[PDB]
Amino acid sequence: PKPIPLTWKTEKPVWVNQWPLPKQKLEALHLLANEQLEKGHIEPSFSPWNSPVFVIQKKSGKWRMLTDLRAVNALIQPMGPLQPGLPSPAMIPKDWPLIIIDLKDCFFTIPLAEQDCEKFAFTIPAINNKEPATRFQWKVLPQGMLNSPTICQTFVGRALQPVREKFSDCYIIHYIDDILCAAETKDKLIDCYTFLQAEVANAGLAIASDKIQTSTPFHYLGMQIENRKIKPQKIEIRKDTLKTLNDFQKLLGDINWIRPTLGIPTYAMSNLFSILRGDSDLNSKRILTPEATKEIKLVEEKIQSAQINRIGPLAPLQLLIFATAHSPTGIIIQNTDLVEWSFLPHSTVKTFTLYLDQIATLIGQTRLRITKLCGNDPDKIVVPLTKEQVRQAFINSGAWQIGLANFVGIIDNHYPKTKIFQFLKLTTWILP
């Protein structure tokens, strides 16, 4: 099937400089490049495009090559809701048996058009620049680019296109990281399936026969809701750190500033706010009374209330990381909606004396969670790092490399300008 070339916003080549790597990693890079050369997945390159690569040692002792494709993905031209007059998941007869393929279980080897191979280039540097670098380009899509939703959706559509047409009676669709094919007769289905299996194997989709699952629509639609459901979270302001006048003045400043937005009458937090009365020494002690505690619960209740029930189905999710004391805080958002809070499990926190490591571990864990809720990586991760500090982290931090493996979205430090999100950034929250 002659591959269709990808759509690009611009034809201007982007070159992101490869950095020096230590010998062990240069040796691992050459080893893995040759492995891929033998499988015909890469070939030598002279491209003006370049994307950085790095290698991660598994505990096996083997290395895996990751590529940072942010710069290339940013140039992909997104396509519209193609085949929108195709059937929805709701509209199948419940008397029909359903076949369920999990695309995370599969392996993809999607051939590139001649003209697209040059854009997926990379360099292995030489020690001391003693020799020219070795350069290469992918002849098949690198696995990270499947995290672009457009690419993935388009590819599976083309892969299912002929099986769907021929099998008009069969209803075959791609629902959020699951390929479904369902027909009324069990044996009418097995025919449709085995055509599909053969057709997508031709396009480059390896299907795992062992992993395949079978079940009725009602079991599926119903379980799906329970599998991807938002975790309701009775989130609280952390109180153990609140000891001195200076602690309370800072926190009560931020509460009083956000109070109108939360719809709490001015007079209604007088018990809380009167704690400021007394000794003017910044380290003088202050304690929350039960009354003051109940007033803090009003602000917590309103913050809890902001959490949505269900995600919008078109829009992608984003991740905010805040550099809170002890350990970092994440929030999953869909643009201006708050979705859910993310933390490291509390037992594991003392294990990581590098705050950077904790940021990286949180991003990896929350990426997985976001993929569970929506079926895709977030399209942006917001970190308390400058672009230069992101660049140095990719270079030096193994934790960062693991945490941001196969990420093709935006990484930046531009936080929302909504008053609620500014208020959450200024305060420390925890979930008991």
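The first residue of the sequence shown is number 1, and the count goes up from there.
- Higher mean CA temperature factor, per the PDB entry, when comparing 140-148 with 316-324: 140-148.
- Averaged over their C-alpha atoms, the temperature factors of 10-18 and 420-428 are higher for 10-18.
- Each of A121, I359, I237, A198 has a CA temperature factor in the record; the biggest one is found at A198.
- Highest CA B-factor among the listed residues (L242, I308, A292, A90): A90.
- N376: CA B factor in the middle third of modelled residues in this chain (values from the PDB entry).
- Annotation for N50: C-alpha temperature factor in the lowest third relative to the rest of the modelled chain, per the entry.
- Ranked against the other modelled residues of its chain, the C-alpha B-factor of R135 as given in the entry falls in the lowest third.
- In the PDB entry, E114 places in the middle third of its chain by CA B-factor.
- Looking at the C-alpha B-factors along this chain, the one for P125 belongs to the middle third.
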